[PDB]
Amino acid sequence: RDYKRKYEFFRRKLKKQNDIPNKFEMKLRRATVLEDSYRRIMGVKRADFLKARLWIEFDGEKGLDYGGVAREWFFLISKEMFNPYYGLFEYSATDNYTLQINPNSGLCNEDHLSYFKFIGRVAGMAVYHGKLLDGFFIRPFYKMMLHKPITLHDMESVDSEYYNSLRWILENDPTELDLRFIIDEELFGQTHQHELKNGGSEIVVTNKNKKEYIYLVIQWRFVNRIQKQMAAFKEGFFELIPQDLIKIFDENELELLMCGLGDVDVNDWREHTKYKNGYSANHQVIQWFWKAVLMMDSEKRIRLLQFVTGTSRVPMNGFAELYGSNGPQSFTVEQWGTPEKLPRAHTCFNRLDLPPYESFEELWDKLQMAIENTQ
């Protein structure tokens, strides 16, 4: 069928461990989340311990909602793991945001492989605990996780130019250009001639062997050079999520499963909200509403987003491109009912029917009670 059905089946098929503590404890410091998270997680031999409820504490902070802190960790660690400065991952192309494995990871850090297994474990923990990583990989990355082949067309979404350059060779006789089975790459103020095959420097690309040339260039760009890195990642990820189980998703569903944003930007949420039946940005009640949303924690904000939209996952690009059951339906707050009534929501229209409460405190209790009722 569709995605929402698979996901339930998925979470359901995820075996809970009964030979493990009821929590996985982490004492971290934001200034060193990477090395702190790395040592703690890579310290445990049995990945099964990572299935336990995440109990994370930043800088000694205590009493905070576990889920809210976990959500922050997945955001903070993502920003570090996926920081190109470390040479583990890199941006797919100029002015592109998607992340790809840096083929030269071993030259930036000798410990890259274990860090790849680490990122894999974190990615796995994200999926297992129903959280998300902040960042998006190139499509071939997801395909490799599903163990799908990487063909020419896969190149288009990643390197439009390269794809076209190969398209030309595929549609023309390149013989006279005297191309050889090699490829140049510049790396740290140097150039490197790479053999696509044995004696590639000699073999000339013709009409009869250009098909083989294409295929090889694809593998060298996406698969071959990053072989050991992707394996380390998949080893870590599959320690939490069964490889066979995740095969039910395609590259697009898989991306949705593990990538996206956890909490919402209130300033963006606000700026793209529409008001009905007398309310406006400056209406006292609305000012109270946004003040309320402002002093809710991560967990509460999401529970509100879910109470009004039905879903708890934020649409990328912001609320400017929010969608309702039928067509783009902006987030709407409309005056309705009397202060005696609890707020009501129409998920289809992303609309909150908000009575004209007479104080901030009252608006807080009423709104919170309505949200808690449908829980």
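All residue numbers refer to positions in the sequence shown, first residue = 1.
Novice: Should the higher mean CA B-factor in the entry be assigned to 101 to 109 or to 125 to 133?
Specialist: The deposited B-factors put 101 to 109 ahead on the C-alpha mean.
Novice: Mean CA temperature factor from the deposited coordinates, higher in 323 to 331 or in 39 to 47?
Specialist: Per the PDB record, 323 to 331.
Novice: Quick one: which of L179, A93, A231, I241 shows the highest Cα temperature factor in the PDB entry?
Specialist: Largest recorded C-alpha B-factor: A93.
Novice: Using the B-factors in the PDB entry, rank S114's C-alpha atom against the chain and give the third, lowest, middle or highest.
Specialist: Tercile = lowest for this residue's CA B-factor.
Novice: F10's Cα B-factor: lowest, middle or highest third of the chain?
Specialist: Its C-alpha B-factor belongs to the middle third of this chain's values.
Novice: Comparing against every modelled residue in the chain, figure out the third that the C-alpha B-factor of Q227 lands in (lowest, middle or highest).
Specialist: It belongs to the middle third of the chain when residues are ordered by C-alpha B-factor.
Novice: Please place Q287 in the lowest, middle or highest third of its chain according to the CA B-factor in the PDB entry.
Specialist: Lowest third of the chain for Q287's C-alpha B-factor.
Novice: What third of the chain does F75 rank in for C-alpha temperature factor, lowest, middle or highest?
Specialist: According to the entry, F75 has a C-alpha B-factor in the chain's lowest third.
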